[PDB]
């Protein structure tokens, strides 16, 4: 067929609890004993959050006059039933862009003579339209995916505790000092508030509502349109802002109280604390949300990606630790010598050109890193590497090391903790157990989660941590070539699975050739293309490279396959026409501009829309005001404040080099790169760059869940012990502190750390 007929998705074989459980059970996938939680009861908002009563008596008061709290007398087992689209019954959910296809075939037929290079565009669009389908897959797909994750975390190459492999909290932190340099929160004459308050206290007021206006919001960024999570299935975070704040407050207040319990009390304080955690088990159970993607039709029943939708309170709590720090750490390879991070990289404004120049540089082997993505240049070959199902490789202690790193580097003033023991206990011994190796909810089944829940506030940091460790092992092996057995052996050493998704030989040569063979187009002569200009499909965070004669630099082009995959299946008065303009112009702007047929087709299809909206008086201009929020590609143009239009001028404006943002860090990163630090740390002799803060957190992690306050004290003492150079040797202060902890008998037993106690409590039935 020239134009494929509508596709009817096969029937979902696991669309019922009985079938799903059977499948999981026969694949050795752990199903937990179900837990129940209190029904939600109505409550006066000003009664629960009296300190925020002011927010409701104003315009833009997201706080409802009442709150639904999980504190009712009767309990219930929660259920989550995701709607999958399209489906055998309603297969018309997300239609292929057949109009675009017809237009392209028409343009090709219009071209006198013939050109196989132009035909390839329709051939590729066609292939995508029949091989793929955009949607949320099926239960069978989510489930099959899950046993794959368990397989990554278990079996072939079982996950490993980095701490039992020779790494230490500080050891991993000095690798991240380079790999993911971080700065303090705020970054102003008037910084950020310390981690010592309950979330509602992050909202401060000045203007008495009678004066004028003045509110200080220190709460993290939150997607109001995303799911609220376990406590409130069927609701958005935006509809549960109050309850999200109230539950976090209550949870943090009880934790504090339980940590300040007096000794010599009727009953064990241990059980009281563990019971409180059990009552909050739902904070460790994410909704198994089916991620809408353009999947392969042949894979509809065997592969659907899942999003571990974290419960609002857990997400808010963890974000109060990570976001303030991370959002102020635009530190990467473009603004810090020796830094392999691509953290807040953007290919536009000269971004891509710098990466290419970094590749061209003769130095090698070298590496770039971004979460679970690793890019290595070795023997003049470019290797795009992916951790295999990254998240499933994560261990509770990996995240613990991540929280340590973030607190010691982001919440510490010259070694001085900027957090109380409540937060230290949460960050080091609660949060890791809540979102890693905890559980999830699908249908009415409470199921195990292997590895970290893809979606928890720290999934990026945790994945970046994992890649960082393989880079460390790579360095210690003298940087073998990625295709070697030596490189692969890193898998067994860290228990982390990975694979090469792409390889490009003679990369410097091919990159230089882009200059020589650039074809005329919007960025080379300022004309409508007739032939696509060559590129190098780096897939650098989704981007390819091509040369611009007009700007004299390399500019980005969206990876060919991704561009045509999106073109084949668009995502979710005359609003329909307005969106088509966004769809078509965005496709061009992001890379379509470099492909003759696609470009002209989107250009024409978009043109018609503008005209139709014109002969309707539609205020298109006011509509596209913040178009970045209406496009699947908007994330790339957010902080650019540009007009949605594709011309040689606009594209030139978009790629015109701009100076890199200044880095924000404490101690100047080892300019010698990761392998300098890798070789150093291997010695076993390194300083405690975390200072007192590091000792406090190490003490908190090695002590009983209940002895957080004492754990800190033993740390403060030990720090004063060596007055001249206390942070001289980490392994020293470590072995010492362990003795002190055991002397005070607050040191947890070998196989029963605070983390394990918490994980068992959350599961306890």
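Numbering follows the first chain given and starts at 1.
The segment from residue 572 to residue 573 is interrupted, since 4 to 9 residues of the deposited sequence in that interval carry no coordinates. Just going by the entry, 247-255 versus 637-645 on mean CA temperature factor gives the higher value to 637-645. Stretches 356-364 and 197-205 differ in mean CA B factor, with 197-205 having the higher one. Take 713, 31, 37, 697 and read off each C-alpha B-factor from the entry; 713 has the highest. Comparing C-alpha B-factors across 391, 550, 501, 216 in the deposited entry, the largest value falls on 216. Ranked by C-alpha B-factor against the other modelled residues of its chain, residue 167 falls in the middle third. When all modelled residues of the chain are sorted by CA temperature factor, residue 678 is found within the highest third. Remark: residue 223 belongs to the highest third of its chain, ranked by C-alpha B-factor as recorded. Split the chain's modelled residues into thirds by C-alpha temperature factor. Residue 463 is in the lowest one. Among the modelled residues of its chain, residue 480 has a C-alpha B-factor that falls in the middle third according to the deposited record.
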